[PDB]
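Form deposited in one PDB entry, single chain, as structure tokens, below.
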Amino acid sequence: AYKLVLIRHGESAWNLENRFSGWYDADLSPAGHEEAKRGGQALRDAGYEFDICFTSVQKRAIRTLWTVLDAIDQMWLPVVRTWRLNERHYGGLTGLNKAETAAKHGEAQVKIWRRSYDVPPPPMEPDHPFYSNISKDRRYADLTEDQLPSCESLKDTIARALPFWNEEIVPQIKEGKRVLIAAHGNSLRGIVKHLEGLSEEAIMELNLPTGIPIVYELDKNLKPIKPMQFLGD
């Protein structure tokens, strides 16, 4: 009866979670920090122990993990970071609020992007103010040309998260290590879709809560034995 815990980070600075924060390395707001604090509170109240932690290379998820480890007195745990758990790359939309997105591209196209599993936003181009900030960031210097996205469909995001799940996380779960994953809405979507065998439409309707420990109980073949559970009140 393996136990797996996911946590999605909370609010980022400057309202960037409502501005397609994407691969821009926005920090948590103080409220998002408090969210992570309460999630860690909940994990420690329930007496949870972990053996290894996985997170992205984005500081809002890393800081969520740090806050949780602090609260549960497990800062000594091994931590593994990977770009494959990063948030979806929103291309040229990154940093724009909803009104600006609709102004620039029109409501028809925005609705198409919102409802599509496999259509990416426009690429982030050199005139985008985040272009060099993300694409030339040292943390991605080992990625090959086709690994570093200029934009991602949801299909793309899940396609680059799942090799990490299969290759690095699954072997740990199968050895009995109690895994904690602190990551982002869409990378965690990829994991949940793989675990529950959800359809494209279903995963696109799934909106995981933030700051809340999400608990899975898996059988020998890593199939959930019951619906995902939340920790708290």
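Only the largest set of C-alpha atoms that superpose within 1.5 Å between the two forms is called the rigid core. From 1 onward, residues are counted along the sequence shown.
Here the subject shifts to the form deposited in another entry, a form of this protein not shown in this document.
The comparison between this form and the one not shown, aligned on the rigid core, picks out a single residue among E107, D142, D146, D73 whose CA moves by 2 Å or more, and that residue is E107. Once both forms are overlaid on the rigid core, the distance between the two CA positions of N221 between this form and the one not shown is under 2 angstroms. After superposing the rigid core, the C-alpha of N15 moves by 2 Å or more between this form and the one not shown.
After superposing the rigid core, the C-alpha of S116 moves by 2 Å or more between this form and the one not shown. A shift of at least 3 angstroms pushes the Cα atoms of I203 and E17 further from each other in that other deposited form than in the displayed structure. Put simply, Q58 and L16 spread apart in that other deposited form: their C-alpha atoms are 3 Å or more farther than in the form shown.
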